[PDB]
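Read the figures in this text as sums done on the coordinates, not as results from a lab. Cβ placement follows ideal geometry from the backbone for every residue including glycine, while neighbour counts extend to all protein chains displayed.
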There are 2 protein chains.
Amino acid sequence: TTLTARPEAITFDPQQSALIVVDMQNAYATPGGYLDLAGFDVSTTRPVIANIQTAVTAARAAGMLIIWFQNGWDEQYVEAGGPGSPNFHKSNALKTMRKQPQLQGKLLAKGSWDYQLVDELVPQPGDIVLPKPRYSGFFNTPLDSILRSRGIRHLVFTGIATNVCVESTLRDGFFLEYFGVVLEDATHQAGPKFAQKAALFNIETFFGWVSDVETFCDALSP
Amino acid sequence: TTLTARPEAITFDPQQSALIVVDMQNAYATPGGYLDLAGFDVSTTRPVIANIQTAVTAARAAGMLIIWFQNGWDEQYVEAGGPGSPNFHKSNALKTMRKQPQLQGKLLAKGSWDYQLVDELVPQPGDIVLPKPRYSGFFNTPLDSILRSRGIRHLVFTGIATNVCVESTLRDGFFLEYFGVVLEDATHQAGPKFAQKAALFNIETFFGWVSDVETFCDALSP
Ligand SMILES: NC(=O)NCCC(=O)O
């Protein structure tokens, strides 16, 4: 399949490709979730959910593996690292709970509403649902092994946040020799709008390719 | 030692830290080098070079290990990966040489002027000079081993490009549990100025800390 993209069109085989849905949890996409409580704007993520539903339907019907990521930790945050880990000091979820103690245990905690995939996005049999303890899906996980075991070399990225978990996973994919394509209208940034523009610029210019959901779905039709 | 930084000050032991000078080669810093020929603005790097000189002098006097990265490949580009590698398709150096065959074998080529560190920056005995074949200094290199062997947990980053090799190495450092600081006035982006602002925003907000050369040097002065 040829897929129109920036900076140029690319070729991939859907049977040797994977659609990655990054962290489409209430924490990242739903009012009252972690990102909203931490002061990030989540008022614009509703269209992202619908676009991911469309991309997922197309990808699955074309024989692409669907991988869903859930970012987060045990309710006691052992998996987040203690003060000896930079994640303890950088995590805005941990920072939010140190500021608002009534939140403690509620954000990015396995078994919590915050941690669940949003109600609209339901993994199907044959999909893979992967937890991850840090922003990049390629550290501390079996993601690379899962992809290699299926001979997958092309990754189609969707999800939140474009500049954080999405871009980090795509960048690390590039260093592991994966060809990464981000569907720009199926992503949303954490931060001001320039963080979306800059993430896509960095991907298009240095690390991978940028397309969109409709173009992706049209390319998969045959 | 305390280092004033954004979003807050951090503490570290300079003798358990490293100053990383990312890719201060003519390719990235000098008119007529790779980035300039590829269409990126390199006209404002003279203050970056001077500031890196100041930071290196302070770090070495404080007992901090200095690591210099040189990015590039053999002059036949075997190390850049063939058409089976995304690096072959993304590399702007390779793209430039495809358009300009006069430059074939010169950009980012070991032994060449483009690959040499800029004239002003001269590694000293005791420093480590590390070649790397991809943007991130943590993939395909002994960098992690070098740092662990010395018990180093804090990395102070300088160099080019802020949004590419610098940020990628810092992000990967974070995933390997290193505490990363970038000295903003000792870096320069590849792309429009929004790429500098966004790289610093992503680092400060999610991955590490942002400081500057004079603050860094004053922290080491005791
Ligand atoms: N911004 C940047 O690091 N470009 C280098 C990419 C290449 O190796 O061609």
Exercise for the section: Please give the number of the condition B:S168 fails out of (1) among the hydroxyl-bearing types (S, T, Y); (2) within 19 Å of A:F207 (Cα to Cα); (3) assigned to a strand (DSSP E or B). Expected result: (3)
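So which residues in the stretch B:133-165 are in a loop (DSSP other than H, G, I, E, B) and of a type in the set (V, I, T), if there are any at all? Give the steps one after another, and end with the answer.
Restricting attention to the stretch B:133-165, the residues satisfying the condition of being in a loop (DSSP other than H, G, I, E, B) are B:133-142, B:150-153, B:161.
Within the stretch B:133-165, B:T141, B:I152 qualify.
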Problem - the stretch B:17-68, residues that are within 16 Å of the ligand (Cβ to nearest atom), more than 28 Å from B:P222 (Cα to Cα) and outside any loop (DSSP other than H, G, I, E, B) - result: B:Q25, B:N26, B:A27, B:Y28, B:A29, B:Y34, B:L35, B:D36, B:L37
Exercise for the section: Look at B:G81 and say whether it is within 12 Å of chain A (Cβ to nearest Cβ), within 12 Å of the ligand (Cβ to nearest atom) and within 28 Å of B:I146 (Cα to Cα). Expected result: yes
Completion exercise
When restricted to A:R153, A:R171, the only residue surrounded by 23 or more Cβ atoms within 10 Å (Cβ to Cβ) and basic (K, R) is A:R171
Problem - B:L130 vs. criteria outside any loop (DSSP other than H, G, I, E, B), in contact with a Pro (Cβ under 9 Å, 6 or more places away or on another chain) and more than 13 Å from every other protein chain (Cβ to nearest Cβ) - result: yes
Completion exercise
Filtering the stretch B:178-199 down to residues that are farther than 18 Å from B:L19 by Cβ, crowded, with 24+ Cβ neighbours inside 10 Å and more than 9 Å from every other protein chain (Cβ to nearest Cβ) yields B:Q189
Completion exercise
Scanning the stretch B:200-209 residue by residue, the ones that are surrounded by fewer than 21 Cβ atoms within 10 Å (Cβ to Cβ) and either more than 8 Å from chain A (Cβ to nearest Cβ) or within 17 Å of the chain's Cα centre (by Cα) (or both) total 2
Problem - Residue within the stretch A:78-92 that is closer than 30 Å to A:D212 by Cα, of a type in the set (D, E) and in contact with a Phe, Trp or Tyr (Cβ under 8 Å, 6 or more places away or on another chain) present - result: no
Exercise for the section: Would you check if B:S91 is within 14 Å of chain A (Cβ to nearest Cβ), polar (S, T, N, Q), more than 10 Å from the ligand (Cβ to nearest atom) and buried (at least 17 other Cβ atoms within 10 Å of the Cβ)? Expected result: no
Exercise for the section: Examine the stretch B:97-112 for a residue that is away from the ligand (no atom under 11 Å from the Cβ), within 22 Å of B:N51 (Cα to Cα) and more than 9 Å from chain A (Cβ to nearest Cβ), and state whether such a residue exists. Expected result: no
Fill in the blank from the handout: By residue number, the members of the stretch A:6-24 that are hydroxyl-bearing (S, T, Y) and farther than 12 Å from A:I152 by Cα are A:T11
Practice task
Assess whether B:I146 counts as being touching a residue at least 40 places away in the same chain (Cβ under 8 Å), away from chain A (no Cβ under 14 Å) and away from the ligand (no atom under 16 Å from the Cβ).
Solution key: yes
Fill in the blank from the handout: Pairing a residue in the stretch B:149-177 that is facing chain A (nearest Cβ under 9 Å) with any residue that is more than 14 Å from the ligand (Cβ to nearest atom) and basic (K, R), where Cβ atoms lie under 8 Å and the two sit 6 or more apart in sequence or on different chains, gives B:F174/A:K90; B:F174/A:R134; B:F175/A:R134; B:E177/B:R153
Practice task
Return the only residue of A:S168, A:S136, A:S145, A:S211 being of a type in the set (G, A, S) and in contact with an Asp or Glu (Cβ under 6 Å, 6 or more places away or on another chain).
Solution key: A:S136
Exercise for the section: Assess whether B:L117 counts as being within 24 Å of B:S91 (Cα to Cα), in contact (Cβ under 8 Å) with a residue 40 or more places away in the chain, away from every other protein chain (no Cβ under 14 Å) and crowded, with 17+ Cβ neighbours inside 10 Å. Expected result: yes
Exercise for the section: Examine the stretch A:65-87 for a residue that is farther than 23 Å from A:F139 by Cβ and either surrounded by fewer than 23 Cβ atoms within 10 Å (Cβ to Cβ) or touching a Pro at 6+ places or on another chain (Cβ under 8 Å) (or both), and state whether such a residue exists. Expected result: no
